[PDB]
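Working notes, structure below.
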Amino acid sequence: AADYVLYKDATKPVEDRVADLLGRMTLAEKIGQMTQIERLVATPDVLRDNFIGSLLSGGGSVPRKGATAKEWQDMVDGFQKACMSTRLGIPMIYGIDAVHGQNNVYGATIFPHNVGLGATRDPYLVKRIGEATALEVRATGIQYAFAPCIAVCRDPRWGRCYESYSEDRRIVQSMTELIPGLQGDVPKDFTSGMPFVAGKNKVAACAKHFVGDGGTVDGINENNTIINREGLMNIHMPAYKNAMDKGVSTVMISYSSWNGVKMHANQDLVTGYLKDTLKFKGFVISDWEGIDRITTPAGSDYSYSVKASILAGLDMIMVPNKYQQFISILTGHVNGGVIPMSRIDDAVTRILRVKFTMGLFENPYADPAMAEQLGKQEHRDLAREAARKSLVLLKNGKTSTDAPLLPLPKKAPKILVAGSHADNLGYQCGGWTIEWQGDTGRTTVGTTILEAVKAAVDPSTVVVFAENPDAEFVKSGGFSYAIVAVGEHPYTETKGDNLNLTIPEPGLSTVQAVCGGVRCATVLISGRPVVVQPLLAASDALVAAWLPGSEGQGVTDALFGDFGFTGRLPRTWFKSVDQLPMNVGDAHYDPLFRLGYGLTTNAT
Ligand SMILES: CO[C@@H]1O[C@H](CO)[C@@H](O)[C@H](O)[C@H]1S[C@@H]1O[C@H](CO)[C@@H](O)[C@H](O)[C@H]1O
Ligand SMILES: *[C@@H]1O[C@H](CO)[C@@H](O)[C@H](O)[C@H]1NC(C)=O
Ligand SMILES: *[C@@H]1O[C@H](CO)[C@@H](O)[C@H](O)[C@H]1NC(C)=O
Ligand SMILES: *[C@@H]1O[C@H](CO)[C@@H](O)[C@H](O)[C@H]1NC(C)=O
């Protein structure tokens with residue numbers, strides 16, 4: 001046609017489309033592509049006027065409580081209509097933390113957190129979870145998931161240990177299969193470091209947080225990782241190469257420092273290593289107010305934050321609120337020659353490369369036929385499989401000569417289900433579920449451990465629930481056995497940092513009351529190893545269930561012997577927090593349970 005514009009031609013090669021569009025852009029259009037804002041500060045005028053490149057939902061940033069998939073699609077499409085109305089019509093990309101399913105959304109399947117996935121040693125399971133997650137994210141109109149976290153947690157006092165598959169880099173490397181699940185498999189020909197997304201039923205992925213987020217002193221979140229280059233490259237870096245080989249579209253930078261250098265200011269690692277050595281050609285995104293946190297106190301020199309980060313090689317800044325100040329400062333740095341146009345053009349080349357590659361110019365709007373993928377039963381069946389595979393049986397009898405307690409019989413006259421975590425969907429999902437920090441009670445659609453027991457047992461079995469029964473209640477109750485579930489409360493990021501790793505009361509006291517009256521199976525809900533000798537001493541059987549998500553029937557599938565226990569510890573279980581850090585090759589390696597430990601059962 002006479003009004004032909006090459007970048008708008010879907011038959012043209014991505015690199016030609018990128019260069020064609022880049023060549024038309026003004027500095028304001030270029031800096032707008034580099035800007036990611038919260039939906040909370042977005043309006044149609046803001047998105048058009050500042051040529052915004054991306055939006056996100058932070059944890060709990062939702063159009064309303066209980067919103068349907070269509071409500072999400074209508075919100076995202078509203079923002080997109082504004083972006084498509086700009087002079088160049090560059091669609092925005094919408095990101096979200098879909099880190100164990102599409103976890104901010106009511107009715108989304110919630111998969112086990114990464115630590116329990118590590119326990120499965122099943123990369124294909126994790127790929128299938130990426131596939132199901134992409135469908136439930138696209139059900140809501142969202143095109144970009146901030147996952148996987150390929151942190152290698154080296155100290156369980158870290159609040160984000162549950163977001164790491166393992167302390168063993170080799171397990172983390174294996175679980176990079178989430179990437180082709182979320183994005184699609186890369187073709188035969190594929191060049192390591194290029195971005196890839198198969199099309200409108202897949203999402204852009206994000207390898208995070210580059211690099212050494214799991215290596216910080218005493219597990220302090222966002223703090224310093226003190227390790228020589230050989231150890232950074234041997235432990236923290238390897239899974240990023242697997243991510244490049246699988247075509248991960250984006251990389252998010254860590255709040256943490258390496259030997260005192262902020263990652264958000266580290267040109268040698270972000271440009272010298274990730275871009276120039278690993279040949280990454282997708283886009284690099286900040287963390288949330290990550291450039292503000294380059295300084296002490298955070299946000300005390302935002303002009304320096306902007307200069308340091310953009311010169312380090314970051315492409316897109318998760319501002320996410322003060323966009324006027326970000327755009328203004330960056331524009332002033334370019335106008336002043338402090339940041340060269342070559343750097344702006346690289347950042348925009350990478351952002352557009354991802355957008356064109358993933359088909360976002362061809363399919364900028366949501367597909368209403370995808371809405372019904374949210375919470376689909378096949379995905380729940382997958383989450384139930386994953387939860388069951390994640391369980392690690394730590395004890396199954398007090399002595400070598402006792403009858404094994406597990407598997408339990410489905411037919412018994414009366415059984416007890418007890419503990420703070422037995423009937424609390426929010427607790428079994430943990431952080432990053434509906435709210436940022438997670439929450440308590442019936443926050444979404446799912447099955448608690450109590451509901452799963454009631455669904456599993458013979459009709460003649462009477463199930464009694466008591467959250468915190470006393471010893472006499474148990475001894476007088478006529479119970480065959482008890483299932484008692486206790487553990488950690490939900491947490492995220494620095495709220496989770498914990499130097500004592502002792503579960504909250506009344507958990508141990510409830511286990512001791514229950515188990516002292518009747519044979520008991522203790523189900524421990526945690527993001528990590530926690531002080532466990534007292535729980536073990538009380539219990540006939542004890543299962544580390546991690547944070548198994550919405551499908552509590554995965555727990556009962558192994559308790560009642562439909563399947564055998566197969567999970568193995570993906571991290572060391574410490575005897576004492578004074579040991580830490582303590583990893584599977586140090587001089588003082590003296591675990592309660594070594595990495596890889598796990599008892600088994602046979603299906604009944
Ligand atoms: C209400 O959330 C908080 O908003 C203020 C400013 O209005 C920010 O400065 C805070 O950092 C966030 S806290 C928390 O941050 C998460 C990322 O670390 C994000 O995913 C979540 O939405 C926020 O609640
Ligand atoms: C580590 O945390 C300490 C104590 O909160 C803080 O003062 C220091 O700046 C932090 N270091 C880094 C690199 O973040
Ligand atoms: C353990 O640490 C957490 C916070 O890090 C705290 O809330 C809890 O009370 C501590 N428990 C004990 C017994 O010190
Ligand atoms: C479970 O299966 C294997 C046989 O393949 C056996 O060696 C193991 O001891 C069995 N344990 C049981 C049935 O309790």
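In each ligand, atom 1 is the first atom listed, and ligand 1 is the first ligand listed. Computation of the quantities below employed the complete heavy-atom set of this structure, encompassing side-chain atoms and omitting hydrogens, waters and symmetry-equivalent molecules. Here, residue 1 is the first one in the sequence, and each next residue gets the next number.
- Tested against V530 for a side-chain contact (heavy atoms from CB on, under 4.5 Å), the candidates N500, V577, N498, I503 yield a single pass: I503.
- Applying the 4.0 Å criterion to heavy atoms of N224 picks out, from ligand 2, the atoms 13 (C).
- When only non-hydrogen protein atoms are considered, atom 6 (C) of ligand 4 lies nearest to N602 ND2, 4.3 Å.
- There is a protein heavy atom less than 4.0 angstrom from atom 1 (C) of ligand 3.
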Begin with the C-alpha distance, continue with both residues' side-chain angles, and end with the deciding distance and a verdict on side-chain contact (heavy atoms from CB on, under 4.5 Å) for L274 and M244. CA-CA 9 Å; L274 175 65; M244 302 295 100; 4.1 Å; yes
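- Within a 4.0 Å radius of atom 14 (O) of ligand 2, the protein has at least one heavy atom.
- A tilted orientation is assigned to the rings of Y597 and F593, their planes being inclined by 30° to 60°.
- Each of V474, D470, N468 was checked for a side-chain contact (heavy atoms from CB on, under 4.5 Å) with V514, and the lone residue meeting it is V474.
- At least one heavy atom of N498 lies less than 4.0 angstrom from ligand 3.
- When atom types are taken as modelled, the side chain of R528 and the backbone of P156 share a donor-acceptor pair closer than 3.5 angstrom.
- For atom 4 (C) of ligand 2, no protein heavy-atom neighbour is present inside the 4.0 Å cut-off.
- Atom CG in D155 sits 9.5 Å away from atom CG in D497 (nearest 0.5 Å).
- Distances below 4.0 Å separate heavy atoms of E222 from the following atoms of ligand 2: 14 (O).
- Put simply, part of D497 is less than 4.0 Å from ligand 3, judged by heavy atoms.
- Listed by number with element, the atoms of ligand 2 under 4.0 Å from a non-hydrogen atom of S257 are 13 (C).
- Of the protein's non-hydrogen atoms, the one nearest atom 11 (N) of ligand 3 is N500 ND2, 3.0 Å.
- With respect to atom 12 (C) of ligand 2, the closest heavy atom belonging to the protein is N223 ND2, 3.4 Å.
- Not a single protein heavy atom sits closer than 4.0 Å to atom 9 (O) of ligand 2.
- Note on ring orientation: taking the six-membered ring where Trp is involved, the planes of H264 and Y255 are parallel (angle under 30°, cut-offs 30° and 60°).
- Of the N and O atoms on the side chains of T440 and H489, not one donor lies less than 3.5 Å from an acceptor on the other residue.
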